[PDB]
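1. Whatever this is, show me its structure:
(chains A, B, C, D, E, F, G and H)
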Amino acid sequence: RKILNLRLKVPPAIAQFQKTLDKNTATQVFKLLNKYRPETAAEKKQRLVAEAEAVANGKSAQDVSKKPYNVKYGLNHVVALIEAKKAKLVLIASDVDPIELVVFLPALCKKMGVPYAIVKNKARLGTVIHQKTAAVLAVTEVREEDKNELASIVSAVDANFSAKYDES
Amino acid sequence: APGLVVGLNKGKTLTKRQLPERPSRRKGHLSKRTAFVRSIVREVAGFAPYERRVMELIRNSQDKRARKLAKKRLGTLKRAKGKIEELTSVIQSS
Amino acid sequence: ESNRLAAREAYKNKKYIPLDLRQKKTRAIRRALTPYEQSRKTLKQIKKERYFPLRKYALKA
Amino acid sequence: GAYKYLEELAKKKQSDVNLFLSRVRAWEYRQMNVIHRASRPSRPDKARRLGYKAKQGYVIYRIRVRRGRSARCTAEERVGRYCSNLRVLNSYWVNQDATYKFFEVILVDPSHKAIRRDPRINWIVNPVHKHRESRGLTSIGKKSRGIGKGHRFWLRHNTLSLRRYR
Amino acid sequence: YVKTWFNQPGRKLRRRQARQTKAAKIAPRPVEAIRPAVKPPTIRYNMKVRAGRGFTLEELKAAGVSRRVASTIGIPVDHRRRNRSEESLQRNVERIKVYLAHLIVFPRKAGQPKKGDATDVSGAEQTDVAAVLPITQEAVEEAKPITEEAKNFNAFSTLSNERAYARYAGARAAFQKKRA
RNA sequence: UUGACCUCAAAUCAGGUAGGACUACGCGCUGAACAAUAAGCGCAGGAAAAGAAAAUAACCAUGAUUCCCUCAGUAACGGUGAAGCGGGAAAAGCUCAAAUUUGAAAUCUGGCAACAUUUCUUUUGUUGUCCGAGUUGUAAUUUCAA
RNA sequence: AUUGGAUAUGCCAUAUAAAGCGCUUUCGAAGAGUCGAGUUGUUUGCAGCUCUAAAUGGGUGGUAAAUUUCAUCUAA
RNA sequence: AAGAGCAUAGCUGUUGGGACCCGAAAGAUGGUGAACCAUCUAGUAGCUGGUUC
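-> Numbers count the residues shown, from 1 in each chain, chains lettered A, B, ... in the order given. Below, you will see the structure:
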C-alpha cells in the first residue's frame, strides 16, 4: 500500500475523499438528519392501517397526513435527484469500498452548484436510514422552521468544507 | 425505373411508398443525458497519455506528425481524424 | 409396518421429516423444478396471457 | 441512475484514476488466494448488466490466471471446479498486472429457493445447464468455438448418403 | 459414415401421425397457419410468388388488427420484413381481409359475444387454409392491342446504348466534375 | 465504558448440494503415425447443440434455428470443396442492463403457529407472525419490432 | 384405478382495477481490455502477445472509387 | 442448316473404396511390468503362393 500509494501520488479525484468534514458540523448535520429519519417498518404498518380506514372513508386527506418530509437515499435515486437539481444537501460516505461508485459524484454536484459534503463512515449514514449501509444521503426539502438552521449548516459547510476544498 | 432492365435508373416501374424509419437505425443518435455524462467523465477522468502528447503537437502547429502518430495509436484514418478534431475543439474551448 | 406408520402420523403436518420417510423416486426427479416453480411467471407475462391469450377460431369452407 | 457514469468511467481504462485503482487492487488480489469469494462485485454495473442481481442465490468469486486457450474461459472452468454445487452464470474482467489476468465470475445457486421461484433465472435450474463451461456454452465459450449468425462462422460431408432408390 | 434410408417409409408415417395427432389436438382451428404472398429475391425467381413468413407491421396496421390480436387468432407476424411497393401492401391486405371474413372466433367465457368475435359456434370446422386462401401466381395479361408506338421503339436504342450509358456513367460524371 | 458497521475465523449449528457409473447419439479441449480422424481428458440430455439477424442479397427484394433435395462436384483453394437463391419437413416467440416510486422496498429467503393440497401420511403450497436479505438497488414499467 | 383438458353446473373471487389501440407538443438511455489494428501459433475462425476505440457511431457487403456513395444489420 | 435426347435394367471395361484371397520389418496412441498388451490396421505387398463345373 504505502509505497504504492506515494510512488504514484493519489489523484485529486480520489484524494478528495481522504479529507472530510470536521466532527462538529458532522454532529449538527446528523442532528438535523435524525429529525427527518425515514419511517420505521413498524410505523409503516401502522399508517398502512391508517390508510385502510382512510380509503374506506374516501382516502380522507392526502392519505392521512401531509407530505412525508424525510431524507433521500440510494445512489441511483440521489443521482436522479441531483440531475433534476431538486437536492439541497448531499452527503457522501467517505470509505466506500469500490470508490468508482462515488468517484464522479463530487465533480457532478459541483457542476450543479449544490452544497455537498463528505461524512465519515457509511454505517452512520445507514443508521440514519435504518439500514446496514448507506453510500449517500440527500436532503431536498424540509419544514419552514427547519429552513433557518439548514441554511446555516449549508453556509457552514460552504465555510469549512465545500468552499475550502473546492478544486484544490 | 424506365420499365427496363439496365441503367442508373433501372428497375420495374412502380410507385414506391415512403417506408417509415425503424428504431434500429436510431443508434448513434446523441442524448442530452449521455452527452452530459460524457462531458462529466471527460472532465473528471482526464486523458490517456497519447492524446496528451498529440495536443501540444497541435499547440505548436505540429499537425502532420500528430495525425500520423494518432493513426499509429488507433489503427484507422477515420478514428485518427475523429480523434484530432475533438481534441482541437477541446483546445479552442480551453 | 407399525413403527414406520407410527412415525408418519407423528411427523404429519411437520415440514421436515427423516430421509427414510421422504419420497424416493429417483435423484433427478428429486432435484428437478417443482411444478409450482415451473408455472411461476412474471406478472408481465401474466398481463400478456390475461389480455391476449390463444383463442378458439376456425374458417368457413 | 448512477450506472451510466460507471461504464463510461470503465471505458477509460488508461485514465489515471483507473490506472491507480487497478494497481492497488491488483496488489491486494495477489495476496488473497488465487480464487476467493467476494462480498460484492468491484464493478456493480458490469455484473448487473451480465445478469447479476443483488439477491440471495447470486454469488461472485474473484480469480486470477497466469498469462502467456483463453484466459476468460479458464477462469470459469476453475471456478466451476471449485464451487461444484453452483451453476456459473457469466464472468467479466477486472484487473491485470505484468503476469496475471484478474476476473470476477458470477454464479447462481440452482437449489436455492429464491432462484427457483424467480422466473427470470429458473432456466439455470434445469439439468441441461449444469457445467456449461466444461461444454463451452457461456458467453466466452460460445464466441471461442466460433458460434454465431453469419457467413463468417464436418460430419455432413464424410458421411455417404445411399437412398432407397438410386 | 454411410447414411442409409431404410427408415424412409417409417419416417413418412411418423409425420402423418404427427399431423393427425396435432390436428386432432386443436381440431377447431386450422392445422396450417396463413402466410403472406411474397416474391423470391433474385432475377431468376422474382417473377414468381411464394408464401413468406409473416405479414409486416404495415399490413396489420392497415388491416385494422393489432399485432397482439393477430398472433392470438393465428396470423403470424414478421417484423424483419418491410413491404415497400404498395401492391405488396395490397396483395397482403385483402389476404388478411378475406381471412378475417372467413374467420369465426369462438367467444370466451361461456359464449357471450365480446366485441365482434362471433355468435354462432356450431360452425366449427377445420379447413385447409390453402383451399379458402390459395396463393396465386402473377396475373399475366392476354390479348392487348396496338402498341405500334412500341413498334418504332427499336429495342437496342434503349438496351445497347443505355447499357453503355450505364457503363460509362461513372467516367462521364467524373468528366463533368473535372472540367467544371 | 458501551454499541454499531466492516473483514476473517469456528461449530459433531439448521437446511441443501457436488463426486461415481453408462457414454450409441450431444458439446467441448487435445491429438497422432490419413485427419479438424482413432486414442486421451472434461461435461450433458431424451434428445443435445443451434436459434429470434451486428443474416442475405443487389431483386418486383428475402426474413430465427435445425433437417432433406437442389444449387454442385459448382464457386473458391491447390486433390480439397462450400454458400445465397428455389422446393419441402417444422414453425413460436421472447427476457434483462441501460431512466425513479420517491407520497412510502411496493421485493425476497428462512424460524414459528395455523389453513390446506397430494401420484404421495412420502408431495406441493398458502395465510399469519417473527427474523434476516436488500438502497453498492429487490419490485412495477420498457428492450429498438420499440 | 387414476388421470387429458375441454362442456355444463355450483361456490368463492374482488374488480376504487390494469392492459390493447386514435393521437403525440419529445424523449428516447441501448452491453469496452470489447470492437479493431499489428504480431506469433494453429485448424476466414480462434488463441498468446503490445497498443486500444468511437456515437448516425459500429459491423457487413453491391457499388464507386481506393475512396465513395448505397444497401442491410445493431455485436461485445 | 428443318433438333434427339431423358429415364430404367443388364453385360463388358476402367477409376476409387479393404477391393480376388494369403503373407514383410516397421510406426503411432493409450496402457501393464520391471519388455509386454490392446486399439489404429483388413497398412505400406512395385512381390511369393493359391484362385473352385
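2. and the closest residue to chain B within chain A, how many neighbours?
-> With CB to the nearest CB, the shortest gap between chain A and chain B falls at residue A:107, namely 4.3 Å. Every residue, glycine included, has its C-beta placed from N, CA and C. A count of nearby residues for residue A:107, using other CB atoms under 10 Å in any protein chain shown, gives 17.
3. contacting residues for it?
-> By CB atoms under 8 Å, 6 or more residues apart in numbering or on different chains, the contact list for residue A:107 reads A:13, B:40, B:43, B:44.
4. What subset of the residues you listed is buried?
-> A:13, B:40, B:44 (16 or more other CB atoms under 10 Å in any protein chain shown).
5. Inside strands: which ones of those residues?
-> Applying DSSP state E to the buried ones among the contacts of residue A:107, no entry is found in strands.
6. Between the residues you listed, which sits nearest chain D?
-> residue A:13 (5.3 Å).
7. Contact partners for the closest one?
-> Neighbour list for residue A:13: A:103, A:107, B:44, B:45, D:17 [criterion: CB under 8 Å, 6+ apart].
8. now those in JSON lines, with distance to residue D:28?
-> Converted to JSON lines, the contacts of residue A:13 look like this (distance: CB to CB, whole Å):
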{"residue": "A:103", "distance to residue D:28": "18"}
{"residue": "A:107", "distance to residue D:28": "26"}
{"residue": "B:44", "distance to residue D:28": "24"}
{"residue": "B:45", "distance to residue D:28": "22"}
{"residue": "D:17", "distance to residue D:28": "17"}
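9. For the closest residue to RNA strand F within chain C, give me the backbone phi and psi.
-> When scored by CB to the nearest atom of the strand, chain C has residue C:8 as its residue closest to RNA strand F, at 3.1 Å. Dihedral pair for residue C:8: phi -70, psi -50, per degrees, to the nearest 10.
10. Count the residues that sit near residue E:29.
-> Using other CB under 10 Å, the number of residues around residue E:29 comes to 19.
11. The one 10 residues further on now?
-> Around residue E:39 there are 17 other residues, counting by other CB under 10 Å.
12. if I look at it, how far off is residue E:83?
-> 10 Å (CB to CB, to the nearest Å).
13. and the residue of chain A closest to chain B, what element?
-> helix A:105-112 (DSSP states H and E).
14. Tell me if that helix is near RNA strand F.
-> No - against RNA strand F, helix A:105-112 shows no contacts by CB under 7 Å from any atom of the strand, the least distance being 10.3 Å.
15. Count the neighbours of residue A:98 for me.
-> The number of residues near residue A:98, taken as other CB under 10 Å, comes to 16.
16. Stretch E:16-32 and RNA strand F in contact?
-> Yes - Stretch E:16-32 comes into contact with RNA strand F (CB under 7 Å from any atom of the strand), by way of E:18, E:19, E:22.
17. Those residues in helices, which ones?
-> In helices, judged by DSSP state H, the following of those are found: E:18, E:19, E:22.
18. For the nearest residue to the second one once chain neighbours are set aside, give me its contacts.
-> In this case it means residue E:19. Distances taken as CB to CB, 6 or more residues apart in numbering or on different chains place residue E:31 nearest to residue E:19, at 6.8 Å, with adjacent residues excluded. Residues in contact with residue E:31 (CB under 8 Å, 6+ apart) are E:19, E:22, E:23, E:126, E:128.
19. and if you look at residue A:165?
-> Counting by CB under 8 Å, 6+ apart, the residues that residue A:165 touches are A:16, A:19.
20. Now do it against residue A:15, distance only.
-> Distance, residue A:165 to residue A:15, by CB to CB: 10 Å.
21. Next secondary structure element downstream of the host helix or strand of residue B:34?
-> Element membership for residue B:34, per DSSP H and E: helix B:32-45. Moving toward the C-terminus from helix B:32-45, the next helix or strand (DSSP H and E) is helix B:49-59.
22. buried sites along that next one?
-> Quick answer for helix B:49-59 (16+ other CB under 10 Å): B:51, B:54, B:55, B:57, B:58.
23. Residue B:87 is in contact with the third one, correct?
-> Same thing as residue B:55. Yes - at 5.2 Å, residue B:55 counts as touching residue B:87 under the criterion of CB atoms under 8 Å.
24. Now for residue C:60, how many residues are close by?
-> When neighbours are counted by other CB under 10 Å, residue C:60 comes out with 11.
25. That one reaches residue E:132, doesn't it?
-> Yes - using CB under 8 Å, residue C:60 is in contact with residue E:132, at 7.4 Å.
26. any common contacting residues for these two?
-> Joint contacts of residue C:60 and residue E:132 (CB under 8 Å, 6+ apart) are residue E:102.
27. Name the nearest residue to the closest residue to chain B within chain D, sequence neighbours excluded.
-> Shortest chain D-to-chain B distance, computed as CB to the nearest CB: residue-wise this is residue D:14, at 3.8 Å. Closest residue to residue D:14 apart from its sequence neighbours, by CB to CB, 6+ apart: residue B:48 at 3.8 Å.
28. With residue B:50 instead?
-> Per CB to CB, 6+ apart, closest to residue B:50 is residue B:73, 4.9 Å.
29. Next, count neighbours for the one you found.
-> Residue B:73: 16 neighbours (other CB under 10 Å).
30. what's the answer for residue C:21, then?
-> 12.
31. same check, this time on residue C:25
-> For residue C:25, using other CB under 10 Å, the count is 8.
32. Look up phi and psi at residue A:90.
-> phi -120, psi 130.
33. just checking, residue A:1 touches residue D:25?
-> No - taking contacts as CB under 8 Å, residue A:1 lies outside contact range of residue D:25: 11.2 Å.
34. the more surrounded of the two?
-> Neighbour totals were compared for residue A:1 and residue D:25, and residue D:25 leads with 16 against 8 (other CB under 10 Å).
35. ok, the host helix or strand of that one near chain B or not?
-> Secondary structure assignment for residue D:25, by DSSP H and E: helix D:16-31. Yes - contact of helix D:16-31 with chain B (CB under 8 Å from any CB of the partner chain) involves D:16, D:17, D:18.
36. and the gap between the residue in chain A that RNA strand G sits nearest to and residue A:94?
-> As assessed by CB to the nearest atom of the strand, RNA strand G sits closest to residue A:55 within chain A, at 5.2 Å. In this view, residue A:55 and residue A:94 are 44 Å apart by CB to CB.
37. of these two, who's got more company?
-> Taking other CB under 10 Å, residue A:55 and residue A:94 do not tie; residue A:94 has more neighbours (18 against 11).
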